[PDB]
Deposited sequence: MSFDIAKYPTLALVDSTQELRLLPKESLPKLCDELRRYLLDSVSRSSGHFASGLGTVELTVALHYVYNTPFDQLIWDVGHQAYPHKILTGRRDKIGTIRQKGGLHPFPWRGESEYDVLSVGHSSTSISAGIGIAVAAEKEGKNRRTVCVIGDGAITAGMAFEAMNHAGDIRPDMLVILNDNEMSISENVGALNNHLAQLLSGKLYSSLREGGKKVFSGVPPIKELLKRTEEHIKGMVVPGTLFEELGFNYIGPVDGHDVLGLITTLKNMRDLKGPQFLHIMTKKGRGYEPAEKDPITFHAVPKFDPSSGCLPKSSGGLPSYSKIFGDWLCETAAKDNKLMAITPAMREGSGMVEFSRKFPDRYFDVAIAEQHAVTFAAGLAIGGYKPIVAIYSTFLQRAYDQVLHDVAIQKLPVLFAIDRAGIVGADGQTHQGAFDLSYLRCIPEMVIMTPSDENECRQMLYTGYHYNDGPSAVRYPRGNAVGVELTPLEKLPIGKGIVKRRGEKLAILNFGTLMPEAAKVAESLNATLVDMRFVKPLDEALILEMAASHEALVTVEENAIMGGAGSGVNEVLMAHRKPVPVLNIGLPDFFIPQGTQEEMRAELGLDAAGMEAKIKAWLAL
């Protein structure tokens, strides 16, 4: 790279080299690393911003700790760009977030300097304790350290971890990256130090050096500048939801909406401002969000849990045990359903149509466009026999016309086109492509609307009038909606070939949503090819 523009950064290709530089040279390095971050990564990545706040902390860590031998763990990892830059990926940083480029967050297979693959938050301390325990048994003096944000240390996990750490007392350092006190951490069993200036590299080095050597659970609380923030993980469906939320809240006082620290992402900013008394941000606590909704439901209100498909994974037990078993009519507005894009593997809303389907009493809806979305939220909100869910992708609507809200009959699909030989059953926002395939193959097209309960009569009807069925969904094929269709046919002993089109059995790689959907054969062309190969 521009060796003359960054004379000091140039002297670092590995942390080993970095540890060779003299202390007084570090402040200058930090300046070059900060400028380099702003000059090489596409601003379209947003996370470069979160990285800015850890520049000094990262240099201090790799200078004091013996990495990659010592184990460094970043929570979430959206703040690890400088970490990647200082660990042999300086000249590859410009490709981060892109298809075939560096991972959006630390990834174990990408580098020996990445100890834990992260994306969801609050996992650092737990894995960290496991790592420190192994290091202690190893007996080679391997050191452990975790960097966790003020927001991430909000999850129950973090508490379970810290409480456990407080008991077995492993030699490890937990660094609180506070960019928004210590009594709690001391009560939990940690030796607390801070708050400290997180942008004083030399000050952090001498502090880190001392604590790296101390025994037992150590906790350093630092403060970093938050900056202007970053973008969260035809109107978007998030805005559709938000708008519906506001208008519904104005109609009746029973609406209560909850988010686990994703107000903006789920499109609830305007809502939270106009109805502060109907809004709840439980912090990064998906588990409490759901059971809190149960309580509200029990108390006679109508709770709505706004949660991403990927994060809803952490509240599975509350959904099933605290809401489903009790038939509590909680409405789940699941955003980021399907492939989410740049965030990659750790954030795909690839499994909700499966893990939710095996749950008794659960009603699962999948809108094909923004009007259907509104109608289903409406239906879900007025469905009081149990829990209901409406899932939608990250992205813009199709631009359809919006009709007056009307409850949709539960478990009923609707044929959109009458064809021959082939009947394509669509579940979700992949409809536009499915529509192209049907028109191109003169096949029958059905918008299933409900994943559960399934419109069995309609399935049986399509099977009886066609040679083969094709199911389309943006979710894992295994256990998903198509799988549900197969189950119905098998039960009635009407074995009609069914091609289940959906997500393959591997975690979906990062890239553009369009770019990744095409690569997986989830577009008109790709789908027709699959059908061709299958029939062949």
Deposited-sequence ranges lacking C-alpha coordinates, in sequence order
1 to 2, 183 to 238, 292 to 317, 621
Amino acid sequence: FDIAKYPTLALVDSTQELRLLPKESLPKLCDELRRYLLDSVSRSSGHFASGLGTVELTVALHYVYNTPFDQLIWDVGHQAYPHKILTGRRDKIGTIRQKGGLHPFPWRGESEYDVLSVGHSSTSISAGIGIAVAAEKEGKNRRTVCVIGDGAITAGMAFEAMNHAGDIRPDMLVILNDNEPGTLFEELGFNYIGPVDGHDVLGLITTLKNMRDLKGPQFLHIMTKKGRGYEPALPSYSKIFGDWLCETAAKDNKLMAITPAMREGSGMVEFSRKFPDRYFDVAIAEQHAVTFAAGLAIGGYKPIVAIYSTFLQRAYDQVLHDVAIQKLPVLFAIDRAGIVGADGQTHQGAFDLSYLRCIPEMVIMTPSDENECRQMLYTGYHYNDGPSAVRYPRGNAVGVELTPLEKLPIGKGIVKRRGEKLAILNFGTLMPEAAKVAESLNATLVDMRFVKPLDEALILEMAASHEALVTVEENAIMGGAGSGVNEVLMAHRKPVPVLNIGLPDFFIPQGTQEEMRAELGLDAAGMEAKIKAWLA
From here on, numbers count along this sequence of modelled residues.
Residue stretch of maximal mean CA temperature factor, 355 to 363 vs 300 to 308:
355 to 363
Of the two stretches 203 to 211 and 77 to 85, which shows the higher Cα B-factor on average in the entry?
203 to 211
Residue, from 290, 145, 155, 234, that the PDB entry assigns the highest Cα B-factor
234
Highest Cα B-factor in the deposition, which of 160, 136, 281, 456?
456
Residue 40 by Cα B-factor - lowest, middle or highest third of the modelled chain:
highest
Compare the C-alpha B factor of residue 95 with those of the other modelled residues in its chain, then answer lowest, middle or highest third.
middle
Please say which third, lowest, middle or highest, residue 386 falls into when its CA temperature factor is compared across its chain.
middle
Entry-reported C-alpha B-factor of residue 53 relative to its chain, by third, is lowest
Split into thirds by Cα B-factor across the chain's modelled residues, where does residue 112 land: lowest, middle or highest?
middle
